[PDB]
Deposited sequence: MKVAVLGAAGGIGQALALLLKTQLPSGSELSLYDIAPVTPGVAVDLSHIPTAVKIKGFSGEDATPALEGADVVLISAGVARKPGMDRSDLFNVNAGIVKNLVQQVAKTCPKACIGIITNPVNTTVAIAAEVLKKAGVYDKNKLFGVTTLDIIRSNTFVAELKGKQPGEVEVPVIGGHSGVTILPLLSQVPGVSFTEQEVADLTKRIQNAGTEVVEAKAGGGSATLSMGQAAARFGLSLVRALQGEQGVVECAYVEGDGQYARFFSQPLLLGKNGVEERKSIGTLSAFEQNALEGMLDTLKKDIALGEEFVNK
């Protein structure tokens, strides 16, 4: 299995590529692409790590040699209209070289960039709405972290389902669906506030010198490794991700997803919410509906 990382020279890409090189199953392939000329040396750097994952790096404007034979393409490129244009460019190169690969969108805003990728794939005739994901894992592992410390549990065993979007009030952690724990509304309100503002938390703490990179690479790695496991035949792999579903909420919506050999195999029900969980649900569906149309207007 071959994984391509677009934008691998950035903070997120290098962290993601380091975890993939050390955690992808033996025999896997890892290709790194980024416009930055340093990218072929990022792969040589990683290639000195003694794991059974071959890795090669590519630079320049053409991403084709890195996408040839790619089964999964993770895109953390860019640094709104410059990032939207870069997303559109790279999805074009993917549709030309690896049209049936699974595509995980990391470049933000996810709510809008996934819509851009969808329209680019449709205009190419190679669109599979089961193979395009918006990577929202960071909200989940953030929720897991915050919940575990408040309630004194093992952080690695907490799993909070997060649904909706990847921006602000569109991020909805389903804290009522976490087993063995209850929360006061004072805790439901505060946790939902921090999870939807945790991105700002790292922005302020970095002295205006960057966004979340290492935790995002960790979250992107979790999603990529789950995807590879399910693509390789493992059963019962479920991750919450931002996909094009039934339209019951928006054209693009993040919910728990059963992953399979062809990307998504079942978009799981969101369960049954608390009262506040559907107040925050319906109370943002146009804020998510507007983010999607912004992505479809950009292409045409």
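J.: Where does the model skip over parts of the deposited sequence?
T.: Seq positions lacking coordinates: 80-90, 312.
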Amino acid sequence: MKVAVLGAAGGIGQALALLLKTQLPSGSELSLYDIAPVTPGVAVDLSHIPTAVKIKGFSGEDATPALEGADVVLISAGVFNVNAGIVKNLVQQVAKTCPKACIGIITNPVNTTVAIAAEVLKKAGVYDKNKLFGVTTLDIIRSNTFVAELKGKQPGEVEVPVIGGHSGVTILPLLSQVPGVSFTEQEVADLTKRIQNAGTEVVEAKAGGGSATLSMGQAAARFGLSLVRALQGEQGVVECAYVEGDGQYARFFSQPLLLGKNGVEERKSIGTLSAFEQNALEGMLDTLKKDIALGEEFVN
From here on, numbers count along this sequence of modelled residues.
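J.: Would you say residue 189 is commonly dropped, meaning unmodelled in a third or more of the other compared entries that have residues on each side of it?
T.: Negative; every one of those entries includes residue 189.
J.: Checking the other compared PDB entries, only those that cover the residues flanking it, does residue 79 lack coordinates in at least one third?
T.: Yes, residue 79 lacks coordinates in at least a third of the other entries compared.
J.: Comparing 169-177 with 84-92, which stretch shows the greater average C-alpha B-factor in the deposited entry?
T.: On average, C-alpha B-factors are higher across 169-177.
J.: Taking the recorded C-alpha temperature factors, which stretch has the higher mean, 181-189 or 217-225?
T.: In the deposited entry, the stretch with the higher C-alpha B-factor mean is 181-189.
J.: Determine which member of 9, 24, 292, 18 has the highest CA B-factor, using the values in the deposited entry.
T.: Among 9, 24, 292, 18, the highest C-alpha B-factor in the entry belongs to 292.
J.: Check the PDB entry and point out which of 265, 29, 45, 34 has the largest C-alpha temperature factor.
T.: Answer for 265, 29, 45, 34: 265, with the highest C-alpha B-factor.
J.: Compare the C-alpha B factor of residue 50 with those of the other modelled residues in its chain, then answer lowest, middle or highest third.
T.: It falls in the bottom third of the chain.
J.: Among all modelled residues of this chain, ranked by Cα B factor, put residue 242 in the bottom, middle or top third, i.e. lowest, middle or highest.
T.: As the PDB entry reports it, the C-alpha B-factor of residue 242 lands in the middle third of its chain.
J.: Quick one: classify residue 39 as lowest, middle or highest third of the chain based on its Cα B-factor.
T.: Lowest third.
J.: Of the three thirds of its chain by CA temperature factor, lowest, middle or highest, which one includes residue 104?
T.: Its C-alpha B-factor belongs to the lowest third of this chain's values.
J.: What third of the chain does residue 209 rank in for C-alpha temperature factor, lowest, middle or highest?
T.: For residue 209, whose C-alpha B-factor we compare with every modelled residue in the chain, the answer is the middle third.
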